[PDB]
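Heads up: the structure comes next, in structure tokens.
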Amino acid sequence: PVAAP
Amino acid sequence: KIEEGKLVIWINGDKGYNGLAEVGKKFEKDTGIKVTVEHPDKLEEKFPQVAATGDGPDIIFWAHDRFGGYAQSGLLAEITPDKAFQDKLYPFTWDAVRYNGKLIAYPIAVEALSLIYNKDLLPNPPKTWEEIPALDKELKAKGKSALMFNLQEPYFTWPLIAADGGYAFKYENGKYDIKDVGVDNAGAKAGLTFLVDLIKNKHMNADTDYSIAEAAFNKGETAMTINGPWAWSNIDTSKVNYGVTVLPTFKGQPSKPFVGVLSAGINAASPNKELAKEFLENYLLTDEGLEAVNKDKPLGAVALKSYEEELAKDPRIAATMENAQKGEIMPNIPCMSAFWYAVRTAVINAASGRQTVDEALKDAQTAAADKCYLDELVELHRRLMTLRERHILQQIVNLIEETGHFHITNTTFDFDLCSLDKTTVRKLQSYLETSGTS
Ligand SMILES: OC[C@H]1O[C@H](O[C@H]2[C@H](O)[C@@H](O)[C@@H](O)O[C@@H]2CO)[C@H](O)[C@@H](O)[C@@H]1O
């Protein structure tokens with residue numbers, strides 16, 4: 001799971 | 001805990017541990033430091049268990065394939081030889097012990113399996129696997145068999161499987177990846193079917209292991225065996241007039257053994273890192289150090305240039321080099337243990353009738369590739385989650401947007417690496433190698 005701004 | 005002021009070394013029971021203990025005694029004579037050489041059973045599995053708790057040997061010897069996994073688990077110390085020392089060994093041996101840009105072991109020797117044959121039973125060894133069934137029939141009429149080799153370890157059977165199958169791995173975007181059809185292809189199925197057919201036709205037995213095959217060849221009961229350089233000592237002692245040569249071809253294709261670089265790593269928990277370095281660089285990796293080990297059990301084509309030039313005229317070493325050049329250098333990535341378990345299970349299952357060859361290799365491929373790919377995604381996730389620079393972040397987001405596999409929250413752009421096609425993941429890795437960021 002990747003979260004980017 | 002590991003005892004300070006002494007060296008404990010582990011090396012496999014098939015290697016020259018007595019010759020290595022002689023190098024240890026020379027180190028002891030000069031330095032006063034005692035060196036103990038041990039050969040525990042299943043040491044490649046024992047080492048990650050005891051070293052995880054801060055125990056184990058100061059130095060561990062094994063082929064380079066297992067070291068990447070040990071290094072990823074923080075079990076090895078980074079080695080720091082200077083340029084002068086590095087120039088003493090062949091450059092490709094250093095590449096085998098490099099993991100994530102760092103040297104994690106000292107290379108000792110290049111190993112590859114060869115065909116070993118008894119010249120008094122077979123003056124001319126077969127060039128093909130295809131001619132082995134008729135040759136066995138001819139030898140069975142004289143009280144002998146054509147070939148016996150270890151069927152329990154995939155290291156010994158992989159050369160035949162990969163002859164028409166090709167290499168299992170490829171190097172791409174700065175890492176070794178297992179190919180999508182590296183284990184499951186038509187050539188690999190043809191090779192494993194040939195092996196199973198040798199068993200069904202009573203030319204080989206499914207339960208043949210290392211000791212059984214070694215005892216049969218050394219007692220003159222079988223004309224041929226498949227083994228590495230370490231085995232030559234017991235054959236010399238048995239007085240068999242033997243030859244060491246190229247492995248048989250299958251469908252005209254050379255057999256492709258996995259090539260291992262026998263390497264020495266230093267345990268990260270060792271309080272004797274400096275003594276270990278001195279022992280390995282100044283005592284073992286010298287002509288005299290490698291000769292003491294080599295005279296007990298041959299190492300193969302050693303990594304030290306000066307000593308390799310002295311052993312180059314040995315026809316048995318030229319056969320080792322020939323088979324190594326036709327084979328595949330083992331990757332050192334952490335999923336190598338899962339790849340070996342998968343192939344081991346596939347060969348055992350096919351030989352016993354538990355699975356068909358097709359299903360055995362299909363299952364080996366998914367098990368090895370799922371583990372290798374998951375490790376790659378874990379690393380790519382770690383790498384992506386440290387990026388902060390706007391231009392790089394925008395380009396990764398742009399690549400994900402093209403697929404539509406994302407969701408947005410009040411504060412983040414989210415995506416799961418498992419929901420992407422492998423082509424998108426390769427674009428991410430390819431872009432990351434150009435970004436200048438790691
Ligand atoms: O069979 C899988 C096994 O293959 C290799 O082990 C070799 C080793 O490299 C040789 O030095 C020799 O001792 O025989 C072994 C096969 O019994 C890999 O190095 C190993 O990790 C793997 O499990």
Side-chain angles (χ1 to χ4, degrees), chain B residues 10-17 20 39-40 42-45 47-49 60-73 75-76 93 96-97 99 104-105 107-114 116 149-162 168-169 176 178 183 192 195 208-214 225-234 256-265 293-294 296-303 320 323-324 327-348 351 364 367-368 372:
Chain B
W10 287 1
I11 186 163
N12 212 43
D14 50 2
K15 314 295 189 225
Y17 51 85
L20 188 59
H39 50 93
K42 307 299 298 155
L43 77 87
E44 79 279 18
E45 290 191 325
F47 181 77
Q49 288 169 197
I60 176 71
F61 282 73
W62 195 267
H64 72 288
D65 67 302
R66 301 244 159 205
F67 283 54
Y70 299 159
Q72 187 70 34
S73 299
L75 310 175
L76 294 177
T93 71
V97 300
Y99 187 66
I104 62 173
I108 309 299
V110 180
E111 307 171 336
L113 293 169
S114 290
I116 299 172
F149 69 101
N150 189 7
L151 305 189
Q152 313 309 308
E153 280 298 323
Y155 181 77
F156 297 90
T157 52
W158 183 265
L160 168 58
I161 299 177
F169 299 87
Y176 272 114
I178 186 174
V183 167
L192 186 54
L195 193 78
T208 302
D209 68 8
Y210 191 98
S211 309
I212 291 170
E214 182 174 40
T225 194
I226 295 174
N227 220 325
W230 52 88
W232 307 338
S233 290
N234 294 349
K256 309 190 200 328
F258 259 123
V259 177
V261 177
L262 177 70
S263 297
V293 176
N294 203 66
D296 175 7
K297 266 137 179 43
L299 286 160
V302 307
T320 305
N323 284 306
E328 195 187 344
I329 184 75
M330 295 174 196
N332 68 356
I333 59 175
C335 69
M336 283 307 291
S337 53
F339 166 83
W340 292 121
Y341 282 134
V343 180
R344 176 176 216 265
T345 294
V347 181
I348 288 165
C372 296

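Hydrogens, waters and symmetry mates play no part in the numbers below; they use all other heavy atoms, side chains included. Note that ligands are numbered from 1 as they come in the structure, with each ligand's atoms numbered from 1 the same way. Just so we're on the same page: letters track the sequence lines, and every chain starts at 1.
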Could you please provide the protein residues found below 4.0 Å of ligand 1 on a heavy-atom basis, arranged by chain and number? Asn12(B), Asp14(B), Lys15(B), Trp62(B), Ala63(B), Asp65(B), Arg66(B), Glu111(B), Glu153(B), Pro154(B), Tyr155(B), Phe156(B), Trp230(B), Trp340(B)
For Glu214(B) and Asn234(B), does a side-chain donor sit closer than 3.5 Å to a side-chain acceptor? yes
So is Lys297(B) actually on top of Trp230(B)'s ring, under 6.0 Å and inside 45° of the axis? no
ring-ring contact (aromatic ring centres under 6.0 Å, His included) with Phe61(B): which residues, sequence neighbours excluded? none
Between atom OG of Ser233(B) and atom CG of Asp14(B), what is the distance when rounded to the nearest 0.5 Å? 11.5 Å
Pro159(B): which residues meet the side chain to side chain contact (heavy atoms under 4.5 Å, CB included) condition with it, sequence neighbours left out? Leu113(B), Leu247(B), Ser255(B), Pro257(B)
Applying side chain to side chain contact (heavy atoms under 4.5 Å, CB included), name anything that partners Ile329(B), two or more places apart in sequence or on another chain. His64(B), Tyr176(B), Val259(B), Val261(B)
